[PDB]
Structure formats: structure tokens, C-alpha cells
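[1] Here is the input, now give the coordinates:
(chains A and B)
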Number of protein chains: 2
Amino acid sequence: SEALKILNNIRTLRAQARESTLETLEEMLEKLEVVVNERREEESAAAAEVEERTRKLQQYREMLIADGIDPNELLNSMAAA
Amino acid sequence: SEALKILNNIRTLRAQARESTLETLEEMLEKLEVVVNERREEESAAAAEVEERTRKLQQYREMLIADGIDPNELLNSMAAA
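    Numbering: from 1, shown residues only, chains lettered A, B, ... in the order given. I have put the structure below:
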């Protein structure tokens, strides 16, 4: 990328910044800023969606062994019926 | 059976029955009827304890499904960790 290239670098920015009135920058930040969250969303969203799943395993791992249940055999018991 | 095989037929029972005094008879039913409970328990046992095991394979199918879970993969999941 050619744009992002520069928007990662302060001194380079400050420069290309002098170019435009606050009005722009300020407004156009707001813009960036949302995009960001827009991601911070998907990210934090699929975070729960996942971990949550595997937490179930821990508990099942437990509730199976807690009801004594052996792993292998029993899994099939519910895999064929 | 040589023995019991006959005691299946009232007629015939009624028969080798005339022979003894209810005194005894009375008393030997006592005997038997207990013996049957001797079993009644053992049996009434394993059933419960078996319908018990299988019963959770109800609550689990119902929980897997109820937590939107494909058995297949998820079986192996807890198997490795």
C-alpha cells in the first residue's frame, strides 16, 4: 500500500497534515475512528463466540468425568443412536 | 430342568401337592417367595442403574443439540484435552 505506508508515520503525517484545514482532518478522523471500532467489533465479537465454545468443553470434560463417564466409548453411544 | 420344569404346570403341581401337608407347603412357599425377592432386588437394581446411564444420553443429546453442537468433531475435542 502507498497510502497506509505514510499514515503509519508521524513526521510524514504532520507534514501531509499541514495540507488541510482541521475541519477535514477532524471530520475525517471521526471517520477512521468508526472504521476502527467496526473492526474492534468483529474482533471482540468472534472472541466470545469462540472462547465461549471451548469453555463448554472444559465443563463437559468435567460433567462427563463428574458423572464418572469414560470418554471414548460413550461418545460413540450418542454417535450411533 | 428336571425339577422346576414341572412346577410350571399347576395341574401337575396341584398333583405332587396333594402329597404334602399345607403345614409344609405353606412353609416352603415362604421359602421360595423370599428367594424371589432375593432376585427382585438384584434385577430391579441393574435396570434402574442402566436406564440411569442411558437416561443421561438423553440429557446430553438434548444438551449438545441444545447448545447447537455437532457431536462429531466435539467428541474428539475433549478426547485430546
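
[2] which SSE is the residue of chain A found nearest chain B in?
    Relative to chain B, the nearest point of chain A is residue A:75 (3.9 Å; Cβ to the nearest Cβ). Every C-beta, even on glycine, is put in place using the N, C-alpha and C of the backbone. Per DSSP states H and E: residue A:75 is located in helix A:71-80.

[3] helices or strands up against the longest helix along chain A?
    Criterion DSSP state H: the longest helix present in chain A is helix A:22-66. For helix A:22-66, the packing partners by 3 or more Cβ pairs under 8 Å, 6 or more residues apart in numbering or on different chains; DSSP states H and E come out as helix B:71-80.

[4] one step back: give me the number of residues near the nearest residue to the residue of chain A closest to chain B once chain neighbours are set aside?
    Among residues not flanking residue A:75 along the chain, residue B:75 sits closest, at 3.9 Å (Cβ to Cβ, 6 or more residues apart in numbering or on different chains). Neighbours of residue B:75 under the rule other Cβ atoms under 10 Å in any protein chain shown: 18.

[5] And for residue A:42?
    11.

[6] Same question for the one 3 residues further on.
    Using other Cβ under 10 Å, residue A:45 is surrounded by 11 other residues.

[7] Next one: it from residue A:55, what distance?
    Going from residue A:45 to residue A:55 by Cβ to Cβ, to the nearest Å gives 16 Å.

[8] same check, this time on residue A:35
    31 Å.

[9] got it, and residue A:49?
    From residue A:49 across to residue A:55, the span is 11 Å (Cβ to Cβ).

[10] now residue A:32
    From residue A:32 across to residue A:55, the span is 34 Å (Cβ to Cβ).
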